[PDB]
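Chains as they are written, first to last, in this note's numbering: chain A, 32 to 148; chain B, 2 to 253; chain C, 97 to 184; chain D, 1184 to 1289; chain E, 29 to 93; chain F, 3 to 54.
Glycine included, C-beta positions come from ideal geometry on N, C-alpha and C.
The structure under discussion appears below in the form of structure tokens.
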Amino acid sequence: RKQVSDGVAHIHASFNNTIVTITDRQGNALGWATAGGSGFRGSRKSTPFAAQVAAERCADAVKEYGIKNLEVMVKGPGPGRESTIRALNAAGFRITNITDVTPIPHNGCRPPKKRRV
Amino acid sequence: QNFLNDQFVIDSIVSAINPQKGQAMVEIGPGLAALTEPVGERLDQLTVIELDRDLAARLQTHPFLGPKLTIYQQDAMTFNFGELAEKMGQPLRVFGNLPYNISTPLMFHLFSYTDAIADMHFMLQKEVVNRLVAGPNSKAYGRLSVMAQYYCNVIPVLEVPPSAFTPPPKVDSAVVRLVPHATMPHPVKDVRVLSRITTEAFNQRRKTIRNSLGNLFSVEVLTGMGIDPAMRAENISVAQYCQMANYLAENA
Amino acid sequence: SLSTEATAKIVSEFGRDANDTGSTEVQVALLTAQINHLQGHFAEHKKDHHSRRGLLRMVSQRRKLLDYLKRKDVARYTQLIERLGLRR
Amino acid sequence: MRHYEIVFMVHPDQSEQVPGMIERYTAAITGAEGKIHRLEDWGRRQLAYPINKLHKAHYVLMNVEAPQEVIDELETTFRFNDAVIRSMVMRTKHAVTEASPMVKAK
Amino acid sequence: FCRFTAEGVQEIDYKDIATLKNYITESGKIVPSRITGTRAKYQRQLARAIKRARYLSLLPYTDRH
Amino acid sequence: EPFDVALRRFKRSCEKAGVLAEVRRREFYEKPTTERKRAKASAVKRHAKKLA
RNA sequence: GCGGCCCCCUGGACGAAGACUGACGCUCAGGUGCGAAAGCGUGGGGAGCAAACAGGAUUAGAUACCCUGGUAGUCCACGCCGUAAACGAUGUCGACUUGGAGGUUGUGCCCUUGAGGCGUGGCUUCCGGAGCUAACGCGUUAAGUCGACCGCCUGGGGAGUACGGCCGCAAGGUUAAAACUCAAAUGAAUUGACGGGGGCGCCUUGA
Ligand SMILES: [Mg+2]
Ligand SMILES: [Mg+2]
Ligand SMILES: [Mg+2]
């Protein structure tokens, strides 16, 4: 059993799913949760509620590893950003850096074709 | 989906079929009573598959027809025509009309039974029929017409205007007949080699066969077979295609 | 597309004086020198069609000027094409 | 001849040989009978993002009027000399002698 | 407009990071000319300058780098 | 520094960055003719307001 | 058609102010060359994307629409093809003929400077007068007023199809009929339907 505290939190949100993972300052994963592992499937898997629940599951995993400090970064286009990070405010940490780190290309390679719908 | 409407061409099709006893006849897709009746009439008794169980009830309860046919109610692509050929004493005459998404499957299932089928007689859309009979050097030619002409001799019976159909389509369509060769004029070591040679070639039909079949064979193999590798895939007869198939199979 | 000094050498050769520019002789000479130079460009830059559109304009402009001078005075024409070696 | 700006940056841990670099390149300029109108250093200076995983690298400017040939020599000398981590050469309109804003801030 | 036109009339610029900072987002993107009030001539010069300044890590490309 | 005020500050920053609108529209390729048509369509759809 | 940045070579354009040549001009059948996208030829490359294909779904069926894959292709050098709603659906060149609000890029003079304010080329956008136009509209960047030459059309289908020639590696390109068949075919614009509405019996289009 290991106790450390310096914490980086990554929110990886998409219109199918939201993964959340906690890492050390090194970026080394301490533990993680998703929505789909929270148990929701199809439509429920991508909901602000499922993203809160995923954050609660990570909050439990870090209670075992580290809880004093966190630096939270957010990625992917999906819903529930606010919902999952306010769920990190549950068992609240002292955090101040927020931006997205959503990948924007400087005119990178050809995206998929549009859906015929 | 479609079925025919006008007695002139119904009568032309059922008469051109020449359906009589001394033939192991089976309908598929009996559809509207009007075109299944004359064939169930002229044959003293007739076998049939309908895919639909509700239409199979409509026709099996019809006293013209239920007493005069034996009737089956399933996807014909499940159906064991090789056993029906045994039960009918001689290889089958298989015939009719359908919604024809299933058409491409029908041909392969019929070809899975080239021994058990004596002949096939079916309506189809103008472009696919003209493809099916297409001569090697034409844009209408290609892989499915190659496999068809490999398995059988193929013969247009007659051609029908779109106003002839109950829901009339925009599209003219023809009845065609075909004959599994009594011995294959093109003997082949395997058909999967044909199927993959033809798909590779026709997946690349604009480039030279050196840049199609020569992606697998050498130019010296091709010219060794007597084939110019600078041709395009749509210059090539089924004869040299089965020669390639034999070459692939026997040199592997 | 030429240095002022190569232009100066050419106009001081083919021109009436330093006040002359654009006498037919001056024109066809500097135009010829440019055409000669650009052979080195296109000998590398084969695919530079947009540049060679200017070259085609220049050789045809040269032809037009020569033919005008030829009908205006054969002596000036012949001694000028002699000096430039034109109709090569 | 063509005026140029030549502007380049040197590894913080090779910044001590920068005078030797100014010798090597200024000798190439005057050895081409070219002339120089600015030479400047802005010291070790922090980078907006990491260059070659480094920080704080040492910045240098020249204003010059050399014949084209030797600019390609010193340019390719930058790809030979790994102490130079980047360079940019600019075919500027004029010789310019007034100090860089990077100096004039002092 | 005319005050922003004076900013163009006075100067054409590269290496003046202090003035370049007047025309960038904090995320490092170029400001559109209508928001700067400057005329398009100077917008082009500023864009060219910013691109050079990014090449030499004088300005970032993004917020992060 | 209240968490939900730092959240509002963050929300303003990502709105000013436009990143959700960018990644939304960047989801697919497009045949350049249609954004050309859409662009000029918007240009006249705008210009019609200029008239009073 | 051309869009990160720098270099190297290189084409054209516009303004300034003179100077110079001395009608050297325009147009252009044949001819010659450039010519998107797709495809081909020869040899590389292959990240992402993706005809074909393959497999899972959906549907009365679904070949579609959905998804997981995926080859050619997409990229490069060097050949070819030579077509596109390659359309401003508007040939090239020259002269003339109300205005108005912008944009962009030179330039002159005045600047009290710095802003300004008088001018003055070039390019370009939108309004619109006269005139023109079947009407729609065009309108000093004409579809107005006219001069020179070139290209092209002569009812609708049959048919840009046949055949022949040419051209192309092949695709195909190109030039190009006729029989035969019909009393139309067609452009613009008007009024009802629209209709599914949409708002509030009434104005009127998520259709
Ligand atoms: Mg290729
Ligand atoms: Mg291509
Ligand atoms: Mg033709």
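Item, Value
"Among B:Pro181, B:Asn247, B:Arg144 and B:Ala202, nearest to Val194 (chain B) - alpha-carbon criterion", "B:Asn247"
"Chain E contact for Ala19 (chain F) (CB, 8 Å cutoff)", "yes"
"Local conformation of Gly56 (chain E) per DSSP, three classes", "coil"
"Whole-angstrom distance between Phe110 (chain C) and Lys168 (chain C), CA atom to CA atom", "17 Å"
"Cβ of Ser55 (chain E) within 8 Å of any chain F Cβ", "yes"
"Distance, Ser13 (chain B) Cα to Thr37 (chain B) Cα", "13 Å"
"Within 8 Å of chain A by C-beta, residues of the region 27-54 of chain F in sequence order", "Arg28, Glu29, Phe30, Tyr31 and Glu32"
"Close beta carbons around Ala1211 (chain D), own chain, < 7 Å, minus the five adjacent residues each side", "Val1253, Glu1256 and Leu1257"
"Same chain, Cβ closer than 8 Å to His1220 (chain D), neighbours up to 5 away in sequence not counted", "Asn1246, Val1247, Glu1248, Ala1278, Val1279 and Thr1280"
"Limits of the beta strand (DSSP E) - the one that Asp191 (chain B) falls within", "It is not in any beta strand (DSSP E) - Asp191 (chain B) carries neither H nor E in the DSSP assignment."
"is_contact[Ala23 (chain F), chain A] using C-beta, thresh 8 Å", "no"
"CB contact flag (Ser61 (chain E), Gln73 (chain E), <8 Å)", "no"
"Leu1230 (chain D): contacting residues in chain E (beta-carbon distance under 7 Å)", "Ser85"
"Spatial neighbours of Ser97 (chain C) in its chain, beta-carbon cut-off 7 Å, leaving aside the 5 residues before and after", "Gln130"
"Segment limits, beta strand (DSSP E) that includes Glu28 (chain B)", "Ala25 to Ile29"
"Cβ-based burial, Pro170 (chain B) [other Cβ within 10 Å; buried from 16]", "exposed"
"Bridge partner(s) assigned by DSSP for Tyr73 (chain B)", "B:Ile50"
"Contact list for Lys43 (chain E) against chain D, beta-carbon separation under 9 Å", "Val1190, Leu1244, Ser1283, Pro1284 and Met1285"
"Three-state secondary structure assigned by DSSP to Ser104 (chain B)", "helix"
"Residues that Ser174 (chain B) bridges to, as DSSP identifies them", "B:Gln126 and B:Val161"
"3 or more residues per run - each beta strand (DSSP E) lying fully within the region 1185-1270 of chain D", "1187-1193, 1219-1227 and 1241-1247"
"Contact between the region 100-113 of chain A and the region 33-53 of chain A (3+ Cβ pairs under 8 Å)", "yes"
"Of the residues B:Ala34, B:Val176 and B:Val49, the one placed nearest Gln74 (chain B), counting alpha carbons only", "B:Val49"
"For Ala40 (chain A), the residue or residues it bridges with in DSSP", "A:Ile53 and A:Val103"
"Meets three-Cβ-pair contact criterion under 8 Å: the region 2-18 of chain B and the region 160-168 of chain B", "yes"
"Where the beta strand (DSSP E) through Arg94 (chain B) begins and ends", "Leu93 to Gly97"
"Close-in-space but distant-in-sequence residues of the same chain around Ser36 (chain A) (CB under 8 Å, 5 per side omitted)", "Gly97, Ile98, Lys99 and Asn100"
"Alpha carbon of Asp229 (chain B) to alpha carbon of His187 (chain B), nearest angstrom", "20 Å"
"CB of residue 142 (chain F) within 8 Å of CB of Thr127 (chain A), strictly", "A question about residue 142 (chain F) goes unanswered here, because the residues of chain F that appear run from 3 up to 54."
"Residue environment, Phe71 (chain A), which counts as buried when at least 16 other CB atoms sit within 10 Å", "buried"
"Endpoints, the alpha helix (DSSP H) within which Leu249 (chain B) is located", "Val239 to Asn252"
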